[PDB]
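Protein chains in written order, with the deposited numbering: chain B, 258 to 514; chain e, 2 to 133; chain g, 2 to 241; chain F, 117 to 464; chain D, 349 to 464. Following: one structure in structure tokens, then a few remarks.
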Amino acid sequence: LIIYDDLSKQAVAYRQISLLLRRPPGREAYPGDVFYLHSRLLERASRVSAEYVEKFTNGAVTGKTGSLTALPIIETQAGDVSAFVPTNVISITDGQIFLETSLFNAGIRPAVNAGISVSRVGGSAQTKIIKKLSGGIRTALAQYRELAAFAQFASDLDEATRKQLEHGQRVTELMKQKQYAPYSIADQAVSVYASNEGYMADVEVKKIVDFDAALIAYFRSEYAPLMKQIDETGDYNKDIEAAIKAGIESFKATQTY
Amino acid sequence: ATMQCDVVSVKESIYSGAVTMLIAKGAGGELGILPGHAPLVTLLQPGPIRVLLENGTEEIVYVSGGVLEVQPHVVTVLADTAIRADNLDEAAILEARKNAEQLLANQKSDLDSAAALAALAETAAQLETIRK
Amino acid sequence: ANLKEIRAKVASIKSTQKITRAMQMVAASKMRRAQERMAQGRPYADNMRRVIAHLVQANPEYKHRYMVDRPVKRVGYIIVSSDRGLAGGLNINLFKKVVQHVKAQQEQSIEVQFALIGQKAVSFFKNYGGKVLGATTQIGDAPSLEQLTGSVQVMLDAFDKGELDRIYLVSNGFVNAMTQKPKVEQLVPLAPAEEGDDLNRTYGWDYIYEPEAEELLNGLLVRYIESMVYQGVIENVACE
Amino acid sequence: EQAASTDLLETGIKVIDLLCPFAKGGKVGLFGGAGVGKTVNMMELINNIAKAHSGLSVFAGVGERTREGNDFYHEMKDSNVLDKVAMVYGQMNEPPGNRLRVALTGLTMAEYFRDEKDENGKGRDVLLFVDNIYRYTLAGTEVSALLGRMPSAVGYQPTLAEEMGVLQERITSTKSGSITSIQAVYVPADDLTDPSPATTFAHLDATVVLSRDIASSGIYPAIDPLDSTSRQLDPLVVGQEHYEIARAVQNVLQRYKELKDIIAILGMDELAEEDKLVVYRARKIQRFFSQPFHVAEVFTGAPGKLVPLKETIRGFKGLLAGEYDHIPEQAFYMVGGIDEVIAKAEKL
Amino acid sequence: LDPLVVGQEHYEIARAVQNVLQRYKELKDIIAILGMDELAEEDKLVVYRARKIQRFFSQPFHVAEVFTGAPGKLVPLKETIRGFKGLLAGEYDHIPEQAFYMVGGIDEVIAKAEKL
């Protein structure tokens with residue numbers, strides 16, 4: 258896995274070097290070939306077949322594939338995503354994660370904009386349990402996006418729409434987290450299952466983070482073996498579902514956040 | 002079978018379907034099918050007006066004050082959506098003297114009896130309305 | 002005129018259009034609900050007409066107290082308006098027309114009184130001052146009849162005491178969805194009537210009116226007058 | 117050299133042949149990203165052209181991602197469509213001089229396929245797919261910048277239109293045969309005023325807009341029935357009856373679009389018979405627009421249907437008239453032609 | 349500005365202040381198109397607290413007395429934290445926003461409000 262902290266400063270350095278060679282200028286002074294510069298670098302992150310690995314290793318390795326993951330970073334000015342380099346790089350990648358300044362100041366810590374963010378690979382890059390449980394997040398967030406403006410007057414709306422709005426609010430708050438504290442597959446699965454099944458309809462919106470953290474903490478001390486099975490295997494089976502449900506029921510029965 | 006029976010205290014009405022005999026609470030002795038002419042109009046007791054619909058079918062007949070005007074081929078009842086009162090003006094003045102005065106506050110302290118006062122100021126409100 | 006402010010302004014106008022459209026569809030839903038509501042009040046209206054025709058045919062030989070006619074002396078009015086703003090200006094149009102009429106009455110050397118039912122009417126008229134016997138506000142959509150019996154009853158009492166000579170409704174009658182006409186129409190006309198039909202076929206026997214030989218009429222007419230004042234209330238709710 | 121009278125090319129797809137009819141020698145613009153089965157539609161067209169008109173197809177990729185190209189090749193091999201198509205790829209990691217002159221390479225093969233005389237002449241009808249002509253214009257812009265030509269207007273090659281006429285004009289219906297073309301178009305900065313889309317739209321004859329909303333709904337294809345247009349949907353060329361049928365279904369869908377906000381915010385509890393009937397007819401039409409393809413028979417197990425145009429016209433006329441106001445709406449899902457619907461309904 | 353460096357209370361105070369101001373930055377267009385009355389009370393509180401906070405971040409300087417002619421002031425950190433904690437809590441909601449201008453410390457705010 259490889260990460261480039263900034264490709265904008267590299268582009269600026271390339272522009273400086275080219276302009277000192279007096280190569281023909283262009284929009285924003287950029288030289289002729291800027292698309293090629295980032296395209297040839299970003300096309301080398303690929304997954305190779307077992308035959309390629311065997312040919313390269315001359316048979317020393319058999320039945321194994323390889324994979325290089327890339328995460329370039331680009332900075333935009335004032336929110337303009339239509340500039341030259343950002344448009345060059347957006348068309349090359351297989352996805353985009355958009356972080357908004359207004360969301361950061363508003364209190365959304367991971368600050369992702371789910372509306373415009375896209376991933377072309379899709380559900381083909383998830384474990385079975387994550388792929389099974391992921392749909393209830395997207396449905397809820399889309400519905401909350403559509404119904405957001407109706408917050409002021411909600412009594413006139415029917416009960417189903419109000420329930421959708423409440424679920425959207427709770428889910429949107431659950432999406433918050435802390436830096437230097439990555440979650441594991443088991444914690445993500447437990448949280449998403451608790452959200453989808455509706456066990457957090459009782460709790461207040463403001464105290465979602467505390468409830469989530471306490472529930473995750475209880476499981477890792479009480480159901481650590483189950484978590485180990487989920488972490489190593491990742492397969493989702495009737496028994497795993499029943500165990501998760503029973504554990505969440507126990508926590509809600511006997512604990513104080 | 003009665004031709005029709007209706008009561009109208011609210012935007013909707015409660016209809017009776019072919020009342021086979023006309024019995025009402027506080028009947029007054031002229032209960033039954035059209036006598037050729039009704040005896041009178043009376044203030045029926047707020048007690049619910051027991052009425053049996055066709056084949057002696059009883060329905061929810063809770064009344065809050067009933068005025069009944071039967072007639073050949075016409076049975077009409079005037080009822081109250083709320084408890085009935087005769088000259089409830091005392092509560093009317095009670096409400097008026099407590100809500101308006103509290104609401105008005107200085108508006109009641111001012112109580113400027115002049116109506117065509119500063120008609121140019123009302124025209125100024127009009128010109129504000131003329132403003133976009 | 003920099004690009005950044007243009008972009009921000011476009012985004013903000015898009016959002017504001019979202020909220021205003023939400024308001025528009027909520028208003029449309031309540032508009033259909035009102036259309037039904039009135040559609041239900043129209044039969045309430047024509048059966049009020051039926052019962053008053055019944056009573057005026059039942060005893061036109063006697064004379065009601067309301068029938069009395071005396072010269073105009075300090076006539077007060079009934080005004081109704083909305084609670085919240087954004088009404089497009091029909092309240093202001095009603096206020097302008099009623100103030101023109103009352104100013105004409107003032108120039109006729111008769112002062113006027115009024116009652117206020119809408120919050121905007123309370124805030125506007127009393128800011129410039131006025132004469133009021135009673136008022137109310139925040140009755141809400143489709144309010145209980147007993148909520149607003151106070152104003153009609155107090156003005157009927159004022160007429161009974163002899164200070165009040167006449168009162169006219171002031172409201173906006175429905176014509177079309179977008180056409181609302183301020184209407185200043187009388188309300189206590191002494192309740193005159195004239196029926197040349199239905200006496201031949203029926204009503205020859207009339208009734209003994211034992212409970213009330215002539216008393217009931219006044220109760221029937223007070224129920225009547227509260228009926229069309231409620232009708233005007235729901236009407237103005239619909240057109241607002 | 118080429119003499120043509122408008123002559124529709126029948127693909128066999130219902131919604132396209134009804135609302136956006138093609139024309140032998142036309143150029144079609146495809147709008148939409150990934151996640152809406154664009155490749156599935158392209159494969160279906162490739163299969164249908166050979167099934168009906170005995171026509172081979174050519175695929176030309178301009179600046180294509182390598183991963184997507186590999187997936188496309190493997191999936192076409194899986195679906196048994198690769199035997200009838202040729203391929204020419206131009207990758208992103210190549211210099212712009214390669215991604216520029218690849219459309220001509222595909223075009224030469226398509227033109228040769230057109231002019232292969234069958235017994236008793238009759239030439240052949242062939243297709244050409246271009247992955248993205250926007251990247252074609254960008255390749256031109258970068259090449260012009262490399263050679264040092266002075267910038268034109270807003271950051272575009274001095275010579276842009278001349279080049280797109282060189283490309284797009286050769287896709288025409290000649291006397292001995294025909295070449296159509298299906299092209300995907302990218303609109304920069306959501307600006308139709310930009311010079312590149314403006315130069316593009318002067319050559320298009322139809323526009324197909326793929327919607328993510330319909331794809332999420334579960335009806336495939338998800339081709340938008342309110343935003344797609346054509347230059348053949350006139351009372352003269354396509355026939356009057358077709359014209360008013362299409363117009364009627366369009367304003368019915370328009371009414372449903374205007375009413376769906378109300379139906380979704382405050383439900384269907386409102387009482388009005390006419391708009392309820394409009395809603396039911398709109399839902400029936402939406403389901404009826406879907407049909408099963410011959411490409412998914414292998415993964416699905418159900419057979420495809422190459423519905424002829426006349427059956428679509430007759431079924432839509434009957435649906436608009438009100439004769440099929442009793443068939444359950446579930447009887448139109450993926451049901452092919454018109455009658456099939458009836459049996460499917462009588463099966464239930 | 350990290351919870352490990354400044355502490356725990358300081359971080360929460362700063363985040364709450366920035367959140368309130370950012371929320372107020374987006375309610376201007378709605379107030380324009382529709383009346384102030386239209387917005388709910390949970391946003392009336394935000395608007396008023398944002399105005400009060402915008403003026404309370406003002407203080408007179410020792411150096412710049414030649415311009416205004418008012419004596420300079422100095423405020424320690426703990427007074428700042430205490431005042432902002434009290435403000436975001438809803439206390440000092442009855443003091444008019446005109447008493448937060450070039451007044452420095454909170455007790456000076458109280459005295460200046462009393463003088464009005």
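Here a beta-carbon is modelled for each residue, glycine too, at the ideal position from N, C-alpha and C.
When C-alpha distances from residue 355 of chain D are compared across D/369, D/391, D/414, D/429, the shortest belongs to D/429. Remark: fewer than three beta-carbon pairs, one from each stretch, lie closer than 8 Å, so the region 403 to 416 of chain B and the region 332 to 340 of chain B are not flagged as touching. When C-alpha distances from residue 231 of chain g are compared across g/26, g/93, g/7, g/153, the shortest belongs to g/153. Using beta-carbon distances, residue 401 of chain B does not count as an interface residue toward chain F, since no partner is under 8 Å. When secondary structure is reduced to three states using DSSP, residue 229 of chain g falls in the helix class. Less than 8 Å separates the beta-carbon of residue 62 of chain e from that of residue 49 of chain e. A direct Cα-Cα distance of roughly 7 Å separates residue 388 of chain D from residue 409 of chain B. Among the CB atoms of chain B, none fall inside 8 Å of the CB of residue 163 of chain F. DSSP assignment within the region 127 to 178 of chain g yields the following whole alpha helix (DSSP H) runs of 4 residues or more, N-terminal first: 150 to 162.
Judged by their CB atoms, residue 218 of chain g and residue 58 of chain g are not nearer to each other than the 8 Å cut-off.
Any Cβ of chain B closer than 8 Å to the Cβ of residue 180 of chain F would place that residue at the interface, and such an atom is absent. For residue 443 of chain B, the enclosing alpha helix (DSSP H) covers residues 442 to 454. Cβ neighbours of residue 81 of chain e within its own chain (closer than 6 Å, five residues either side excluded): 10, 65, 66. With 16 or more other CB atoms across the displayed protein chains lying within 10 angstroms of its CB, residue 157 of chain F is buried.
Chain B places no beta carbon closer than 8 Å to that of residue 29 of chain g, leaving this residue out of the contacts. For residue 416 of chain D, the closest alpha carbon among the candidates D/407, D/424, D/423, D/422 is that of D/407. Assignment of residue 343 of chain B by DSSP, reduced to helix, strand and coil, places it in the helix class. Within chain F, 209 have C-beta atoms less than 7 Å from the C-beta of residue 297 of chain B, given in sequence order. In terms of beta-carbon proximity, residue 381 of chain F lines the interface with chain g, with at least one pair separated by less than 8 Å. Remark: C-beta atoms of residue 300 of chain B and residue 341 of chain B do not approach each other more closely than 8 Å. At a cut-off of 8 Å between beta carbons, residue 370 of chain D contacts chain B. Here residue 382 of chain F is near residue 30 of chain g, since their CB atoms are less than 8 Å apart. Rounded to whole angstroms, residue 363 of chain D and residue 129 of chain e show a C-alpha spacing of 44 Å.
Looking from the CA of residue 180 of chain F, the closest CA among B/318, B/327, B/349, B/311 belongs to B/349. Beta-bridge pairing by DSSP links residue 6 of chain e to e/17.
What residue 337 of chain B touches in chain F, judged by beta-carbon distance under 7 Å, is nothing: the nearest beta carbon there is about 10 Å away. Proximity of chain B to residue 262 of chain F at the Cβ level (cut-off 8 Å) is accounted for by 281, 289, 290, in chain order.
Going by DSSP, residue 402 of chain F is part of the alpha helix (DSSP H) stretching over 389 to 404.
Nearest to residue 404 of chain F by alpha-carbon distance, out of F/339, F/282, F/351, is F/339. Checking the DSSP bridge columns, you'll see residue 144 of chain F partnered with F/298, F/322. The alpha-carbon separation between residue 422 of chain D and residue 411 of chain B amounts to approximately 49 Å. Identification of chain D residues near residue 20 of chain g by a Cβ-Cβ cut-off of 9 Å yields 378, 381, 382, ordered along the chain.
Under the three-state reduction of DSSP output, residue 203 of chain F falls in the strand class.
Shown here for residue 330 of chain F: same chain residues with a beta carbon closer than 6 Å to its own, the five before and five after excluded, namely 338 in chain order.
Under the DSSP assignment, residue 261 of chain B falls in the beta strand (DSSP E) whose first and last residues are 259 to 261. The shortest C-alpha to C-alpha distance from residue 3 of chain e to any of e/118, e/57, e/18 is the one to e/18.
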